[PDB]
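Summary of the model geometry
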Amino acid sequence: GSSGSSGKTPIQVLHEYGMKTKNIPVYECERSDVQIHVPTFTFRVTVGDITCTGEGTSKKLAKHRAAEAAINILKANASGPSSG
């Protein structure tokens, strides 16, 4: 067994990956509500054909979720259109 577990962040993997698929994950704020110390920023992630959004928190979490979504999909969905 290999002692020394490790894990890459959803913001590093997704993005870093987008580079391979000549497609970088865009992050835009759809809705921004400021009422308390920690506002809510909805970051929309668009990778190739997959489009997700992370609403609930600010760049802090909102971002993490935004990138997290795509990834999870990039694994199952395995985006990859073939030829005829």
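As a starting point, this report considers the structure included with it. Keep in mind that residues are numbered from 1 along each chain as the sequence reads, not by the entry's scheme, and that residues without coordinates are left out. Only heavy atoms go into the side-chain values, all of them from the structure, while hydrogens and water stay out.

Structural notes on the pairing of strand β2 (residues 40-47)
The cut-off we apply is this: Note on pairing: DSSP must find at least two bridges between two strands before they are called paired. Numbering of helices and strands starts at the N terminus; helices are DSSP runs of H or I of at least 4 residues and strands are runs of E of at least 2.
Here strand β1 (residues 26-33) pairs with β2 via 6 bridges, running antiparallel. Considered in β2, the bridge of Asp 33 is made with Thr 40. Hairpin connection between β1 and β2: a loop of 6 residues separates the two successive antiparallel strands. Pairing analysis gives 5 bridges linking β2 to strand β3 (residues 50-54), with the strands arranged antiparallel. Residue pairing for β3: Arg 44 is matched across the bridge by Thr 53. Turn length for the β2-β3 hairpin, with the two strands adjacent in sequence and antiparallel, is 2 residues, and the turn residue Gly 48 shows positive phi of about 65°.

A closer look at the side chain of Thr 42
Rules: Whether a residue is buried, partly exposed or exposed follows from its accessible area with a 1.4 Å probe, protein chains only, as a fraction of its type maximum: under 20%, in between, or over 50%, in that order. Any pair of residues with heavy atoms lying within 4.5 Å of one another is described as a contacting pair.
With respect to the element layout, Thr 42 can be found in strand β2. You can call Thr 42 buried: its relative accessible area is 9%. Sequence-distant contacts of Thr 42, defined by excluding residues within four places in its chain, comprise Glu 28, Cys 29, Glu 30, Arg 31, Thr 53, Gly 54 and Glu 55.

So far we have only geometry, and geometry alone does not tell us how the molecule works.
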